[PDB]
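> here are the coordinates; sequence isn't available:
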């Protein structure tokens, strides 16, 4: 009577504890789909942008090769200029080649490439490839069989070298 | 009694399931902001990595080239030595070094642009004047021009043939 009719809400107050658990699970529809946008739009660019730079990179390198090739072609030119003219005198060509070499250096310096230390300097593994040793001051480069270069911190290529050794 | 109340127990089967479609969502969807947080930490990673990547990437090319061309400098020294003993041989060395240079260039994939006798082409040639030879054709190459496949390392300064 006044105990089942007044407490009949036993299934009434539940309407707010049920429709709500069915009012939120409905909104989560764009919670696994709506988010599928910010995601599938971020993973659509990460597989795109990285594909765009996959280009801008292989290009910046190509650009680097060119930058060098261009700076160095003048040597080929001088080699040509020598074969067609310089043949004047053996000591004329000798001086010409000397000149070409000197040029190659300036060109390298131009791209900021310095030659690592050599004959007389301290043998240093960071810049030197020791091929064996020859008479000279120990711990010091006795002879350079191949110039080594470094541009800044980077090693273009180490110098193949002979390290000094005191005779007895 | 047995079915007058059990046939209702079917309604409770829904509410019992409602806690499976929303209780399982926030289960795996509890990290859908994480497996995404990383996908943005890597996509926001390149955004700053490229400025560097690209730079050092050019150095890569320059080194790649220098690496391949230093042998020329090596041969120049080698040549100067053969000449220190027999001056006459110097001419022979230069010829070798020069031919060497071409091979190297080939190695990096650069070819010489069409020359003497070949049709003038602005893609590769820089006409600076005229000189005897088939009209509209390269008559003499004053400076070699090279192309790396599509790109142009540098154009050949050339003289084009005069018609008539």
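Great, that's in hand. Residues are numbered from 1 along each chain as shown, chains lettered A, B, ... in the order given.
> buried residues in stretch A:111-128, which are they?
Neighbour-count burial for stretch A:111-128 flags A:111, A:113, A:115-118, A:123, A:127-128 (criterion: 16 or more other CB atoms under 10 Å in any protein chain shown). C-beta coordinates here come from the backbone N, C-alpha and C atoms, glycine included.
> what angle separates the lengthiest helix in chain A from strand B:138-143?
Counting by DSSP state H, the longest helix found in chain A is helix A:49-84. Taking axes from the mean of the first three to the mean of the last three CA atoms, to 10 degrees, helix A:49-84 and strand B:138-143 form an angle of 100 degrees between their directions.
> give me the packing partners of helix A:49-84, helices and strands only.
Under the contact criterion of 3 or more CB pairs under 8 Å, 6 or more residues apart in numbering or on different chains; DSSP states H and E, helix A:49-84 touches helix A:90-110, helix B:46-85, helix B:90-107, strand B:146-148, strand B:151-154.
> thinking again about what came up before, tell me the two of the buried residues of stretch A:111-128 that are most distant?
Within the buried residues of stretch A:111-128, two members stand farthest from each other by CB to CB: A:111 and A:123, at 26.7 Å.
> for chain A, which residue gets nearest to chain B?
Closest contact between chain A and chain B, by CB to the nearest CB, is at residue A:64 (2.5 Å).
> next up, the contacts around the nearest residue to that residue once chain neighbours are set aside.
Residue nearest to residue A:64 in three dimensions, not counting chain neighbours: residue B:61, with 2.5 Å by CB to CB, 6 or more residues apart in numbering or on different chains. Residues counted as contacts of residue B:61 (CB atoms under 8 Å, 6 or more residues apart in numbering or on different chains) are A:60-68.
> hmm, try it at 10 Å
If you count contacts by CB atoms under 10 Å, 6 or more residues apart in numbering or on different chains, residue B:61 has them with A:58-69, B:108.
> tell me the domain ranges of chain A?
A:1-111, A:112-168 (curated CATH domains).
> just the terminal-to-terminal distance for the shortest one.
When the termini of domain A:112-168 are compared using CA to CA, to the nearest Å, they are 42 Å apart.
> give me the distance from that domain to the chain's centre.
The chain centre lies 26 Å from the centre of domain A:112-168; the measure is CA atoms, centre = their mean, to the nearest Å.
> next: the longest one.
The chain centre lies 13 Å from the centre of domain A:1-111; the measure is CA atoms, centre = their mean.
> now the end-to-end length of it.
Termini of domain A:1-111 sit 101 Å apart (CA to CA).
> find the centremost residue of chain A, please.
Centroid check for chain A by CA atoms, centre = their mean gives residue A:61 as the closest residue, at 9.0 Å.
> who does residue A:149 bridge with?
residue A:115, residue A:157 (DSSP bridges).
> again but with residue A:162, I slipped
Going by DSSP bridges, residue A:162 forms beta bridges with residue A:132, residue A:143.
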